[PDB]
Amino acid sequence: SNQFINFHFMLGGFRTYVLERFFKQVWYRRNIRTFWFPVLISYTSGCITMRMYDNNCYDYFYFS
Amino acid sequence: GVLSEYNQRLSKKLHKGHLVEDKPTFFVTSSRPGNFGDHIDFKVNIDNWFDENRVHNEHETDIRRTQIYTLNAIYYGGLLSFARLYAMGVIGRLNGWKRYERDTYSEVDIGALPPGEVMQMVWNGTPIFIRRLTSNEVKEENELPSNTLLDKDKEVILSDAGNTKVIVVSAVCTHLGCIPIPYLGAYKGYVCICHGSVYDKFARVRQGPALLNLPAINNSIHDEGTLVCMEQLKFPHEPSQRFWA
Amino acid sequence: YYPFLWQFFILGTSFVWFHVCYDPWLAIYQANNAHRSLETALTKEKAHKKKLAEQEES
Amino acid sequence: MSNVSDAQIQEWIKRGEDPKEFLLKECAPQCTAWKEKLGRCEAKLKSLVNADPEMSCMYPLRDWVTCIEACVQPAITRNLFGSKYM
Amino acid sequence: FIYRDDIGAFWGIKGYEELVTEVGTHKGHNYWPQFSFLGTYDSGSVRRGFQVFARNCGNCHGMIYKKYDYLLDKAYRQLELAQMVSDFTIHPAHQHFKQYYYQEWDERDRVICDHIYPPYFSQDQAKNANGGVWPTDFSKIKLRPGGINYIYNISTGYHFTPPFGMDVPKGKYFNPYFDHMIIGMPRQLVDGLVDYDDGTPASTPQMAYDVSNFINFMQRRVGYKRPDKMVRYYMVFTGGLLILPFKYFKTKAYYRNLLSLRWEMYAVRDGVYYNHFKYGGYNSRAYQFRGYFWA
Amino acid sequence: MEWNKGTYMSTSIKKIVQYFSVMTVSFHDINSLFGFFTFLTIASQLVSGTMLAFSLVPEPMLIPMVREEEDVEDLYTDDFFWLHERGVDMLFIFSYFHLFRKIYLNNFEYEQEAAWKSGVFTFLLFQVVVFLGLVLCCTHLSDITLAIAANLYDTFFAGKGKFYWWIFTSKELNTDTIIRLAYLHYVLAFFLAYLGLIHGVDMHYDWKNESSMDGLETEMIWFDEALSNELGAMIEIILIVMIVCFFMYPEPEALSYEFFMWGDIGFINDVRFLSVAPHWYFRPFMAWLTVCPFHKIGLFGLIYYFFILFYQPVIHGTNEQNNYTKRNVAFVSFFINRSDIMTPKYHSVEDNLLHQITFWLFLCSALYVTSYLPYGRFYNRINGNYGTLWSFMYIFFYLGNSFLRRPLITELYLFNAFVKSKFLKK
Ligand SMILES: CCCCCCCCCCCCCCCCCC(=O)OC[C@H](COP(=O)([O-])OCC(O)COP(=O)([O-])OC[C@@H](COC(=O)CCCCCCCCCCCCCCCCC)OC(=O)CCCCCCCCCCCCCCCCC)OC(=O)CCCCCCCCCCCCCCCCC
Ligand SMILES: CCCCCCCCCCCCCCCCCC(=O)OC[C@H](COP(=O)([O-])OCC(O)COP(=O)([O-])OC[C@@H](COC(=O)CCCCCCCCCCCCCCCCC)OC(=O)CCCCCCCCCCCCCCCCC)OC(=O)CCCCCCCCCCCCCCCCC
Ligand SMILES: CCCCCCCCCCCCCCCCCC(=O)OC[C@H](COP(=O)([O-])OCC(O)COP(=O)([O-])OC[C@@H](COC(=O)CCCCCCCCCCCCCCCCC)OC(=O)CCCCCCCCCCCCCCCCC)OC(=O)CCCCCCCCCCCCCCCCC
Ligand SMILES: CCCCCCCCCCCCCCCCCC(=O)OC[C@H](COP(=O)([O-])OCC[N+](C)(C)C)OC(=O)CCCCCCCCCCCCCCCCC
Ligand SMILES: CCCCCCCCCCCCCCCCCC(=O)OC[C@H](COP(=O)([O-])OCC[N+](C)(C)C)OC(=O)CCCCCCCCCCCCCCCCC
Ligand SMILES: COC1=C(OC)C(=O)C(C/C=C(\C)CC/C=C(\C)CC/C=C(/C)CC/C=C(\C)CC/C=C(/C)CC/C=C(\C)CC/C=C(\C)CCC=C(C)C)=C(C)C1=O
Ligand code: HEC
Ligand code: HEM
Ligand code: HEM
Ligand code: FES
């Protein structure tokens, strides 16, 4: 009852509270910095393999 | 307003978006037990939120307590609204829904029926008695003892057309549903023979084990008895709207 | 200070939630589809029937 | 005053006539790559003497008709009564 | 992860590669009032669709799962629908399950409560009458390539000619929207076939549009209930957006307030020894470790 | 039964009420709340399925007509059916996110055993119920699912003596099979609630939102402080799911996977085998069967996946020997000149990078496996998607092999650095 209802909210601006803290320090520093490389490799490899599979399917369906 | 508060909070000195102490801070309770001694050099606290996180309203703290209670009430009210929608769904599933009332309108011509005759008709797949009462018959029925009558709530509906009142009633015995005798010499009314239930010419319960009069049939007479509209009594059923738009 | 009165207050807040989230969407939805109602089709059919009936042969 | 005055023009649909027959020819030119591919496929299949039963000039024709109809159908549907006129 | 767009499979859903399925949804956008944002069925459209279905295409097809009385608020009124449907007859052989309720022993005029049966008693009779191919039941027909458009496309796609290498047997007709592009249904929609009660011009595209609207209306998920449920979804989403801030106040700000704690550690150097730490502690799972571990 | 020592908690009403009124929960994030979402979805599934049971007549020839007619004449029935289907979807989503989160935190320790296995068993049962539910639809999808399940059941018996008859009578959906499977579905669905309660009681012994050991001792009181946050996080995830479904699925669509559910058993005899596809949650297993054309090997793969998922704490745990267990190593023995290797100790989660790389490779392999149908019509005549095979094999290797989890390289490198630093500084 003697404390802020929403303490330490938007201290500074959007840049410091959101762009710099919630995105660079919370989303990247904690989450994306850990999985960007494996997820990117898996995603690219899956895309390439699916494209090769679809190209084989095209060759099967389409001649000439 | 909101803009003023945002401007005030914009010029805040903090470390990488966090309001934390820039120097070590040590706090010692002056009234601690005598055996505690001095504070150790370990820096337990990095933030001074115990003091910074303060709206200095030690006077009128109950107002902030009420405000917190109000916010909790709003949150709980939203959650309870969703739960109420779910409960409506469940109970409406259990309690059926009559989307529309099926047609039951019908017409039967009673003018051909000679006065003082009872005829059975098939309406809604059920027998129904149609009768014509003369003035002498009605007068004889009136003035009779009320002791025999066993239905204070029930009444009698008499039509006015064709120069003679026409009555339409359900031809089902209230006791168990058997068809009663159509005419009796002593009283040209109804008297069930399966168990001896006795009714009068108005279908009232006179000196009979059956405790209810013959159910009445909703009807309206037009064309001077040629067009007897007969539609089952309509009862409310909600919700009635099936499409919002 | 009266817990059941506060429960009535919570019920009122839930009612306000429901009405706030209900009335605007329903109003706009039924305003958008005013011309798609059955009444418009019935009126069009009635007009066409009248026009066909007035102009015809024996 | 709008919709209370006479209509200046009547379409094929407003006259109870089917406009897709002409609209197919109207929309044919833009789907020309697929038509040429279908023609080449048909020519090759005709040339072959021992052709596998699986081979068929059907998928190229499927693509061609898909491209034609993607333009043909919406134009006609937009002119029909019962739908918000474009 | 990436699906080629010329294989004939939409978004990677293999199969249906001998059909034209992307027309009207993925390639081209046929407008249906039902599926538009805050849209709804056009009552006149469904009314005319039922008119055309009854006057034609009800002689081969049917909706065994559905019944006429679905059209009691947005397409017809009870008396009008009863009069319209009293032009057809149902023998007791039509009934899927008599259950002693249907006591008729001869043909009788249909009522709005009757299921929409075809003129044939069974599927084999219809199959025999139509050259050995059964007119599909339109109940649950929503599950076709293109959805609502499937009825519209097939009814109209009789214009193209078969390519080389494809043979259409006698009694069969070429229609690219059907499986393998061969369909046993002769073209049914012809300009002026049906005289609408509202005077709307009767061109085959209009009749196909009305039929599609009606058939879709008779469905259950993508049918007459979808628009209201979409509006309900919008209302619930608005409520969630409005309640998010109060959730934040209740949970995250409250937790941050509870963590505004001041800690202090002192140097206790009295004679007392920390014997409680040396001899103490209770483990709720000790029974799983006793006699099994670290012995 | 002297071997059974006892139960961790006595699930009596008095003690359950006391435990849940005195429960404390440490501060957490949304990632550590998938279990509550799973439990709430289970509760809603129970309610909606109970509502549906009063409408579904277990005769196969009436289920389609009954469903179609009771959606109109009765209000909220189709709403409950939609709620049931979407609850199954969200239950699978939450359960798999919970599984991935618990794999990420390396919860294969001994102290997690009771927490882990009790959960997996629930998950396993949660699978069976779902299968039974599919059968109740009485579509061609249900027909294919029942046929596949019956063939798998008959695999163990080498196709001898119709041992499947007591459930899969004739391997077809008929009155007897539908009745039995519907009743079993109801009973096991209600049993899932008790299994979930037992798992929730067990897991609280050592509950952590993150691997790092925060020193906080104060905790939230569960009833409202934690429950309100759990409900709010459920609301947020539901909003996100609604947005994603609204934009990813246009109102009318072409070539959906529900198109195989058109055919109703009995009404339609011919089955369009060209487009056979189950719901996305059973998509990975059908894809595995198509990729592995061998029946016995496919069944073994399914069983191995589920059971190795069950026995994670034993293969990868401390094993009560305090990391003095000795592994079996194929090639590292030559490099170290030792037949066996002591299990490495330093396998933290947030710090090390090998663990994160391997875990995210496994998660992406799982997603790719569920990404599409191999379309077995010519998936083998055409050299199949190599990505699917790679993802399946990496799933098999990650679950079971301890060189991708608790690797020795980190321990050896850390010890090398320790030795060098100590030598330099003595
Ligand atoms: C991928 C997608 C893209 C990305 C997505 C990203 C998603 C992000 C999600 C983010 C979620 C978290 C958000 C967190 C926000 C934090 C804000 C903050 O800092 O607050 C701290 C702040 C106090 O913090 P503090 O640090 O203690 O204060 C320090 C101060 O120095 C000293 O403080 P103090 O002591 O002075 O203050 C104590 C406090 C304590 O007071 C209370 O607790 C009392 C709260 C009373 C609430 C009453 C609710 C009534 C609702 C119905 C209203 C009628 C609706 C009619 C609709 C039809 C209109 C035609 O009282 C106040 O501050 C009074 C201010 C409020 C004035 C009265 C109005 C209240 C309601 C306003 C909202 C409703 C507007 C309706 C529409 C109006 C027309 C546009 O908290 C509040 O005061 C909260 C007040 C309640 C706000 C609710 C907002 C709801 C908005 C809903 C409507 C939306 C617009 C319209 C939509 C229409 C179409 C549907
Ligand atoms: C019928 C119902 C009757 C009941 C009352 C209904 C009205 C109640 C209004 C309540 C306040 C609503 C807005 C504030 C919510 C928070 C409340 C709160 O915590 O206050 C306590 C407290 C303030 O203490 P207080 O002075 O005791 O409280 C005063 C009241 O709150 C009052 O404060 P105020 O009077 O100064 O509020 C001014 C505000 C509200 O005044 C109104 O109520 C009027 C609203 C009219 C809307 C009309 C819409 C169109 C419909 C009508 C069209 C027909 C008429 C056209 C007329 C034309 C005439 C030419 O007017 C504005 O619209 C100006 C706001 C500044 C422009 C921002 C533009 C949008 C930026 C959004 C950015 C989002 C980024 C997210 C993602 C970030 C990361 C990528 O708040 C704080 O201390 C918070 C400070 C830290 C957070 C700052 C965040 C700033 C940036 C985000 C702003 C988000 C809200 C934007 C609202 C935009 C309009 C809807
Ligand atoms: C043929 C006819 C047959 C008869 C039919 C009628 C049957 C009648 C059953 C009556 C049952 C009486 C239960 C007594 C306790 C109730 C709570 C209480 O103390 O109230 C004071 C409380 C005083 O207000 P307050 O100061 O704000 O305190 C609020 C807190 O609840 C205050 O709580 P707190 O924060 O102080 O602490 C809560 C909790 C600390 O938290 C916990 O530990 C929670 C419990 C943990 C374990 C269980 C987990 C699951 C949670 C409970 C289940 C919830 C969902 C139930 C769904 C049911 C099916 C739909 O600590 C406790 O109180 C411990 C005991 C909890 C109750 C269990 C023991 C006593 C009752 C049962 C004894 C017998 C054993 C059971 C089996 C008996 C079989 C015969 O009263 C209320 O607030 C009542 C509000 C009611 C209105 C809002 C909700 C309305 C519903 C909206 C949806 C739409 C439908 C609308 C209604 C339609 C007409 C019904
Ligand atoms: C996490 C929950 C959902 C996400 C958002 C967060 C919601 C909770 C926050 C507080 C919101 C409080 C206000 C809500 C008001 C909503 C009013 C409304 O739309 O209903 C009016 C209507 C009122 O109807 P009516 O009485 O006007 O008329 C009914 C008759 N017809 C249909 C012809 C119009 O509510 C109902 O009648 C619906 C009852 C449904 C019962 C069974 C449940 C079905 C599912 C409903 C929710 C679907 C959305 C997704 C749900 C996901 C989670 C399960
Ligand atoms: C088992 C513990 C409780 C479980 C809760 C879940 C729901 C259980 C529903 C089944 C049990 C109901 C027992 C009471 C019987 C009366 C029901 C009723 O409302 O009457 C319908 C009846 C029948 O409704 P009707 O007449 O509109 O429908 C029947 C007729 N047709 C189909 C033609 C439309 O309506 C009434 O006459 C009720 C009028 C009074 C309304 C106030 C009732 C208060 C008492 C009951 C409150 C129940 C709240 C439950 C909340 C649960 C939240 C999860
Ligand atoms: C291997 O084969 C096997 C199977 O199949 C494979 C099995 O399924 C099984 C297990 C399955 C079974 C034996 C079948 C069991 C089926 C089940 C549980 C499905 C039903 C599940 C449910 C949750 C049903 C819930 C039902 C309801 C809520 C209906 C509510 C109705 C009512 C009337 C409630 C109100 C009334 C009461 C509580 C009664 C109290 C008394 C009164 C009201 C008195 C009224 C009268 C007066 C005068 C006052 C086994 C063992 C098996 O071996
Ligand atoms: C009898 C002469 C019919 C009339 C009148 C209508 N249709 Fe029909 N249809 C008929 C047959 C014999 C078949 C089977 C064709 C085959 O090769 O199997 C069909 C099929 C359809 C289909 C496809 C069903 C499917 O499962 O793919 C559709 C969409 C269809 N018919 C629609 C339709 C419409 C819109 C009609 C006018 C409203 C119509 N049919 C009339 C026989 C007959
Ligand atoms: C966690 C609990 C449950 C799960 C996971 C579950 C799972 C399922 C699934 C996957 C389906 C098929 C959905 C589809 O194919 O789209 C289904 C259908 C069904 N379930 Fe359950 N179920 C649960 C609980 C229950 C309960 C408790 C009941 C009854 C008391 C029930 C009754 C039904 C019925 C009747 C159907 C078929 C409805 C219809 O076909 O119209 N379910 N269930
Ligand atoms: C329907 C299935 C399941 C239900 C209902 C369920 C329920 C829960 C709940 C409510 C929690 C507490 C909240 C949380 O930790 O997020 C929890 C935690 C936990 N679950 Fe489950 N769970 C299920 C499946 C699983 C699975 C598949 C696993 C592992 C394979 C598992 C292992 C665990 C563990 C180890 C914990 C404790 C985590 C910790 O100690 O930090 N559960 N479960
Ligand atoms: S049956 Fe009429 S009185 Fe017994």
Side-chain angles (χ1 to χ4, degrees), chain D residues 10-25 27-28 31 33-35 37-48 51-86, chain E residues 6-8 17-33 36 39 41-49 146 149 152-153 156-166 176-177 180-181 189-193 196 198 200-210 212-213:
Chain D
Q10 279 190 352
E11 306 174 350
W12 295 59
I13 292 161
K14 301 185 183 301
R15 294 186 293 185
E17 300 174 353
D18 184 51
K20 187 169 176 185
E21 305 169 17
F22 156 77
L23 192 61
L24 284 171
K25 301 176 182 177
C27 294
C31 312
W34 303 102
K35 185 63 173 180
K37 182 180 290 185
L38 176 60
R40 283 188 268 98
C41 183
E42 289 184 355
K44 188 181 184 180
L45 204 160
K46 291 172 182 177
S47 71
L48 293 176
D52 182 309
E54 217 65 9
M55 300 178 181
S56 63
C57 313
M58 190 182 199
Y59 315 101
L61 172 136
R62 175 255 296 165
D63 305 333
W64 171 71
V65 300
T66 304
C67 287
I68 295 286
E69 291 283 336
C71 306
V72 175
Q73 301 287 24
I76 302 178
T77 59
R78 286 185 301 92
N79 304 335
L80 302 181
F81 307 89
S83 60
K84 276 192 172 183
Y85 306 104
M86 199 69 172
Chain E
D6 40 306
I7 299 296
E17 291 144 341
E18 292 76 7
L19 300 69
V20 181
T21 68
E22 299 170 0
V23 170
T25 308
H26 183 237
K27 291 182 171 60
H29 289 62
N30 307 338
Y31 181 84
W32 307 95
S36 61
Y41 285 75
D42 186 72
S43 292
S45 299
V46 56
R47 202 175 216 273
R48 295 190 296 271
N149 307 280
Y152 181 82
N153 296 335
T156 309
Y158 277 96
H159 301 157
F160 308 97
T161 59
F164 183 80
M166 291 181 61
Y177 290 103
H180 289 256
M181 308 187 179
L189 296 180
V190 181
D191 302 65
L193 183 63
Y196 288 136
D198 63 354
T200 305
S203 58
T204 175
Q206 182 64 90
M207 297 187 295
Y209 196 78
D210 297 335
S212 304
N213 291 24

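Letters A, B, ... are given to chains in the order of the sequence lines, protein chains preceding strands, and every chain is numbered from 1. Just so it is clear, the values below take in all heavy atoms, side chains as well, and ignore hydrogens, waters and symmetry mates.
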**Study point:** Inter-residue atom distance D:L80.CG - E:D210.CG, 0.5 Å rounding
**Key:** 8.0 Å

Practice item. Compare all side-chain heavy atoms of D:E42 with those of E:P163 and state whether any distance is below 4.5 angstrom. Key: yes

Review point. Tell me the salt bridge (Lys or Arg N to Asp or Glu O under 4.0 Å) pairs involving residues 57-77 of chain D, sequence neighbours left out?
Key: D:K20-D:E69

Review point. Side chain, backbone, both or neither: which part of E:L189 has an atom under 4.5 Å from a heavy atom of chain D?
Key: neither

Exercise for review: Can you tell which part of D:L24 gets under 4.5 Å to a heavy atom of chain E, answering side chain, backbone, both or neither?
Suggested key: side chain

Review point. E:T161 versus chain D, heavy atoms under 4.5 Å apart: side chain, backbone, both or neither?
Key: backbone

Exercise for review: Output the option from E:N213, E:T204, E:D42, E:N149 having the highest count of non-hydrogen pairs under 4.5 Å with chain D.
Suggested key: E:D42

Check your understanding: Could you walk me through whether E:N30 and D:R78 pass the side-chain contact (heavy atoms from CB on, under 4.5 Å) check?
Key -> CA-CA 8 Å; E:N30 307 338; D:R78 286 185 301 92; over 6 Å; no

Review point. Is there side-chain contact between D:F81 and E:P201, with at least one heavy-atom pair below 4.5 Å?
Key: yes

Check your understanding: At what distance, to the nearest 0.5 angstrom, does OG1 of D:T77 lie from CD of E:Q206?
Key -> 11.0 Å

Review point. Between E:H180 and chain D, which part of the residue has a heavy atom less than 4.5 Å away: side chain, backbone, both or neither?
Key: both

Exercise for review: Against chain D, work out which of E:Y41, E:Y177, E:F164 has the most heavy-atom pairs shorter than 4.5 Å and name it.
Suggested key: E:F164

**Study point:** Contact class of D:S56 relative to chain E, heavy atoms under 4.5 angstrom
**Key:** neither

Revision key, fill the gap. Applying a strict 4.5 Å limit to non-hydrogen atoms, the region of E:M166 in contact with chain D is side chain

**Study point:** Counterpart residues, ring pair (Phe, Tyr, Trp, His ring centres under 6.0 Å), relative to E:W32 (two or more places apart)
**Key:** E:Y152, E:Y209

Check your understanding: Tell me, side chain or backbone of E:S43 under 4.5 Å from chain D's heavy atoms, or both, or neither?
Key -> neither

Check your understanding: Do you know the tightest heavy-atom contact between D:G82 and E:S45?
Key -> CA-OG, 3.3 Å

Review point. At a heavy-atom separation under 4.5 Å, does D:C71 approach chain E through its side chain, its backbone, both, or neither?
Key: neither

Check your understanding: Where on D:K84 is there a heavy atom nearer than 4.5 Å to chain E: the side chain, the backbone, both, or neither?
Key -> both

Point to revise | Under 4.5 Å from any heavy atom of chain D - which part of E:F160 | key: side chain

Review point. Counting only N and O atoms by type, is there a donor-acceptor contact under 3.5 Å from the side chain of D:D18 to the main-chain atoms of E:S203?
Key: no

**Study point:** Which portion of E:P205 sits near chain D, non-hydrogen atoms under 4.5 angstrom
**Key:** both

Review point. What residue in D:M86, D:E17, D:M55 has the most heavy-atom pairs under 4.5 Å with chain E?
Key: D:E17

Check your understanding: In terms of heavy-atom pairs under 4.5 Å with chain D, which of E:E18, E:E22, E:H26, E:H29 leads?
Key -> E:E18

